[PDB]
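What follows is a short report on a single structure.
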Ligand SMILES: COc1ccc(-c2cc(N(Cc3ccccn3)Cc3ccccn3)nc(N)n2)cc1
Ligand SMILES: COc1ccc(-c2cc(N(Cc3ccccn3)Cc3ccccn3)nc(N)n2)cc1
Ligand SMILES: COc1ccc(-c2cc(N(Cc3ccccn3)Cc3ccccn3)nc(N)n2)cc1
Ligand SMILES: COc1ccc(-c2cc(N(Cc3ccccn3)Cc3ccccn3)nc(N)n2)cc1
Ligand SMILES: COc1ccc(-c2cc(N(Cc3ccccn3)Cc3ccccn3)nc(N)n2)cc1
Ligand SMILES: *[C@@H]1O[C@H](CO)[C@@H](O)[C@H](O)[C@H]1NC(C)=O
Ligand SMILES: *[C@@H]1O[C@H](CO)[C@@H](O)[C@H](O)[C@H]1NC(C)=O
Ligand SMILES: *[C@@H]1O[C@H](CO)[C@@H](O)[C@H](O)[C@H]1NC(C)=O
Ligand SMILES: *[C@@H]1O[C@H](CO)[C@@H](O)[C@H](O)[C@H]1NC(C)=O
Ligand SMILES: *[C@@H]1O[C@H](CO)[C@@H](O)[C@H](O)[C@H]1NC(C)=O
């Protein structure tokens, strides 16, 4: 309930409840279905691009959501959401398969838990990637592909699905970047290896971008 | 009162009381209203300015204050204030929305708790930002804007307000910097996204500065 | 069996069982044989090659497995595998003898424990090495050798064995690298020092790689 | 007692006593008086100097001492001193007001606790500062001032005092540096802010140095 | 018993025994004598040298050993040696007097404990030092001296013994370095300061090296 959101004791009790029920290390599979993790990257900046080494340095908000209805509560007379340290929660073990640096989280490591069991987590992350930088200094731009999925959970355990297919991230991308975004495409993809049987679901993020205000030869 | 400030046992007891009462992970919403967080950035140094990439590296003291009346005590014959490790306290989950590096805290992670429940927290932070660097080597200078607000609490849970809206920062900015400030303003601002319902309050800090001639 | 894989209470109980049985600081010697650790490096990216200093900066997945039969459970009607924080497990104290930076782990620090007691651990690691970079700009390429073994356990306590002896890592190495891999060979080798006659087993990883576009103008 | 310093059980007992008595988060104020913190910086290395940006990169030993009498014990027949992890002790919340990087501690984080309750702590610290570098290539040299005081305790709670006003740090400063030290002065100084009522005591360390 | 080395339960019990007896924060002084620490550096690489600033960036293995007989056990029918996380053990608080960066430890932080109570600890460390780089491009080479000893324990509490062989230096030093080692000499010395009592033992490591060519 909206009116009761700022009831402190209620929030403290909800946090207590969440921590009693939460299993931070066990996947919240419900009904023998995989955990449906939804992921959508919102690019904030493109900081370094190297066309020779095919490397980019970027900042993005990793919009992440999933359900654990064992965390759910009756919010008819209590807050609808609270913030929770992610150390108290299970969080999907996502990794970018083509990252070449550690994900640097720039933000407080808190998630929102909603009374219906939905969890929202959105770290601001600075990270470097190996991807196709060719064409960045052209009209059509470069297309850098970033693949994100579970590091240890195959598709029967975790499914990683995109939220919105196409965007140009206009509400998020810095107007002061040297670069501009032409399109961001986010699609389901699946990876397997010859060594190892199971398939892994990932989201393949296609970042099409170019140098801004480039001087051309016409 | 200040005459009892160095009563060690009193300080120990106050710290004990604070740790018994404090809920570090719960917003201290009193009277069913948002937590009023007051913030002002005091710029100490401008370390690097890259007009190629529109990036700045700065050091600032983040003066931060709010109230949690449940922490209050009667200081008629006891210390007015004590220092407390911030891990013992709730602290607002502030973030700079246009930061491009982690906030590096340079100073002991302690806050002051006043006997009326007021909390004062002021880390010296070195951090990099993406902001408009155009004009830094002109008379009018550059204007670099930094937006600071709660990362996870919307306006009904936390309000973030500027302590003062206008400053020359003269008491704080390093006289030895190769840069000089023309103005620092701090304004209330609201942020919303099409994806999401609620609004998030922030403080928009506008740093107008130039390379000294 | 895999129909029971998403039974969450079962997963929680396996994790509990593993944590009750696991001795994280004790080598899991079975019978009185050394722990047999299988290791195979899959190179993902070659970030920097410094011909002046003979140094390389690389990213690789360190495919690692060993068994601890005391962790095994009956999985007739329970999950075959779970993910486990490596803090809950013994892991081999592997080190690269010619590393010149710390191994930076880019991925969630989780392992897979299989119901037969097998443990699989595969961190993505960025690390710098001192090695022979000569030849990198030639058809034959450079051969960079990295020796990896236990830091404190001799051959009677831990044996370290390569899996695949030869490969070009085509499933793993980035197509966007300015380098290309000719061959990755991984062989057993033994190290002793005049101070200390006890043999230490290691895998010698020979990375044969070359710069793309070796022929240029000037 | 000299003879008992290496009595290991005695050292373990003292450490146990210290940890039972110590309040690491409470200032050790005695007799309604501020904690007297004595501080002296000894510069070891001047690693980088930038005359354009007025920044220096230095290494120094922060010689720090104070007393907590509640830690004292009778050492007539036991060790006079032991080493203690600082996480078991209260240590002053000192910070350099013009630091522009994190203090990087290069040494084991241990203090010495003396049987009279004196505590000695001396980290080697690498840190960058914003200060006046002009004149560094001249004979008179540059004078870089570094202000060190409590970050959260005002003068009623903690006094920060120099041990020794003048020195050229000869036993400490690297002979192999490309800079040389002319003089290091360390003086009491007091800082007040228009926002806040009380004064904060600090040591102003004036580092007079030049390129060789 | 080496045939009993792989008895897992035996190893678990030894670790239990070590952890019950170990005092990680107390110097293991036996018979009212200083802890006799043996320590020597084995250089693996010289990565960067700057003759202008007199700085070197090197990698070495810190061969370290000492005794704590309270850890001893009877190994007639049990393992002779086990690996132990150093968090479970006292370790000498060694530091380099002329270090200008943190010691970056590149290896698992385990020590070996032997059934006679000997402890062996050998971190691979990358670290930068301020030292005499003059002569590096000459036949005579440079002589960079690195001074290492206890940070807080004087000579009556900890002694250091750096005596070791060096004709095996090519077993350790990288063949791929830009530099070559002429000699590594490691000798006892003592340090005192006018301000303070006691002497602190150190190991003066003289790294005599030159650029190849
Ligand atoms: C696919 O799943 C998601 C998850 C989160 C979001 C999301 C949340 C969101 N906020 C709540 C939130 C939840 C948790 C953490 C941080 N933040 C608000 C807000 C506003 C200003 C700065 C920061 N966060 N803002 C935006 N733009 N997106 C969207 C989709
Ligand atoms: C709007 O909220 C605030 C919060 C703090 C301040 C504040 C506090 C303050 N000190 C107390 C304090 C409380 C806590 C932590 C550190 N410091 C004193 C002082 C002086 C010299 C260095 C350090 N701190 N100094 C200054 N200039 N501003 C002002 C407004
Ligand atoms: C010689 O021993 C090994 C060990 C592991 C592997 C292994 C595991 C593996 N995955 C499972 C796993 C277990 C644990 C941790 C991470 N990953 C799958 C997978 C797929 C996409 C990204 C990540 N991991 N994938 C690949 N290619 N190899 C191979 C040989
Ligand atoms: C104003 O307060 C002080 C505090 C300490 C000192 C002090 C202590 C000191 N040592 C003891 C000590 C205590 C504790 C920690 C480290 N060290 C000896 C020694 C010698 C060689 C390296 C290291 N330490 N050496 C020097 N030069 N100064 C001086 C004044
Ligand atoms: C003066 O005291 C010492 C201590 C250790 C050594 C020592 C130990 C040693 N190993 C055992 C060990 C003990 C503990 C930790 C790691 N390692 C073997 C070995 C071999 C290959 C990589 C790693 N370690 N190797 C070498 N070269 N020296 C020598 C003298
Ligand atoms: C939630 O609680 C309210 C009042 O406490 C009650 O009327 C309502 O039935 C509850 N909802 C459910 C689903 O039990
Ligand atoms: C506060 O404390 C003093 C003495 O400690 C007492 O005189 C007074 O009544 C107390 N209550 C209030 C509300 O001040
Ligand atoms: C495993 O448990 C199943 C399930 O009840 C049972 O049929 C059988 O006894 C077990 N199988 C073994 C021990 O091989
Ligand atoms: C210290 O201990 C000795 C021996 O127990 C005792 O005789 C002496 O009186 C004590 N000193 C003080 C000052 O109490
Ligand atoms: C050591 O232990 C073995 C059995 O554990 C025993 O036979 C022997 O007497 C013990 N003492 C010595 C000195 O070996």
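Protein chains in written order, with the authors' numbering: chain B, -7 to 210; chain A, -7 to 205; chain C, -7 to 210; chain E, -7 to 204; chain D, -7 to 205.
Don't be surprised by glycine CBs; every beta carbon is placed ideally from N, CA and C.
Straight-line Cα distance separating residue j from residue i
i                      : j                      : result
residue 62 of chain A  : residue 109 of chain A : 7 Å
residue 193 of chain A : residue 181 of chain A : 6 Å
residue 124 of chain C : residue 64 of chain C  : 43 Å
residue 22 of chain B  : residue 130 of chain B : 48 Å
residue 107 of chain B : residue 178 of chain C : 53 Å
residue 50 of chain C  : residue 169 of chain D : 19 Å
residue 80 of chain D  : residue 11 of chain D  : 6 Å
residue 148 of chain E : residue -3 of chain A  : 7 Å
residue 86 of chain C  : residue 8 of chain E   : 37 Å
residue 71 of chain D  : residue 30 of chain D  : 24 Å
Residues bridged to residue i (per DSSP)
i                      : result
residue 87 of chain D  : D:141
residue 113 of chain A : A:56, A:103
residue 172 of chain E : E:202
residue 46 of chain B  : Note: residue 46 of chain B sits in no beta bridge, so no partner.
residue 64 of chain A  : According to DSSP, residue 64 of chain A bridges with nothing at all.
residue 136 of chain E : E:199
residue 122 of chain D : D:47
residue 158 of chain D : Partner(s): none; residue 158 of chain D has no beta bridge.
residue 25 of chain E  : E:22
Among the options, nearest to residue i - alpha-carbon criterion
i                      : options                   : result
residue 44 of chain A  : B:40, B:46, B:45          : B:40
residue 133 of chain C : C:189, C:51, C:198        : C:198
residue 195 of chain E : E:168, E:155, E:187       : E:155
residue 165 of chain C : C:-7, C:10, C:20, C:34    : C:34
residue 89 of chain E  : E:52, E:4, E:142          : E:142
residue 37 of chain D  : D:167, D:186, D:69, D:183 : D:167
residue 99 of chain A  : E:95, E:191, E:161        : E:95
residue 113 of chain C : C:128, C:119, C:97, C:135 : C:97
residue 17 of chain A  : A:144, A:175, A:169       : A:144
residue 176 of chain D : D:157, D:163, D:185       : D:157
residue 184 of chain E : A:179, A:184, A:163       : A:163
residue 26 of chain C  : D:28, D:6, D:31, D:-1     : D:-1
residue 126 of chain E : E:46, E:6, E:14           : E:46
residue 1 of chain E   : D:15, D:152, D:83         : D:15
residue 55 of chain D  : D:115, D:74, D:104        : D:115
residue 74 of chain D  : D:3, D:161, D:204, D:200  : D:3
residue 84 of chain B  : C:101, C:84, C:93         : C:101
residue 207 of chain E : E:19, E:68, E:58          : Coverage of chain E is limited to positions -7 through 204, which leaves residue 207 of chain E absent and any answer about it impossible.
Residue span of the alpha helix (DSSP H) that contains residue i, given as start and end
i                      : result
residue 12 of chain A  : 0 to 13
residue 163 of chain D : 161 to 164
Residue range of the unbroken beta strand (DSSP E) whose run includes residue i
i                      : result
residue 75 of chain A  : 73 to 77
residue 151 of chain B : 150 to 154
Whose CB is closer than 6 Å to a heavy atom of ligand 10? List the residues in chain order.
Selection output, chain order preserved: D:66, D:68, D:69.
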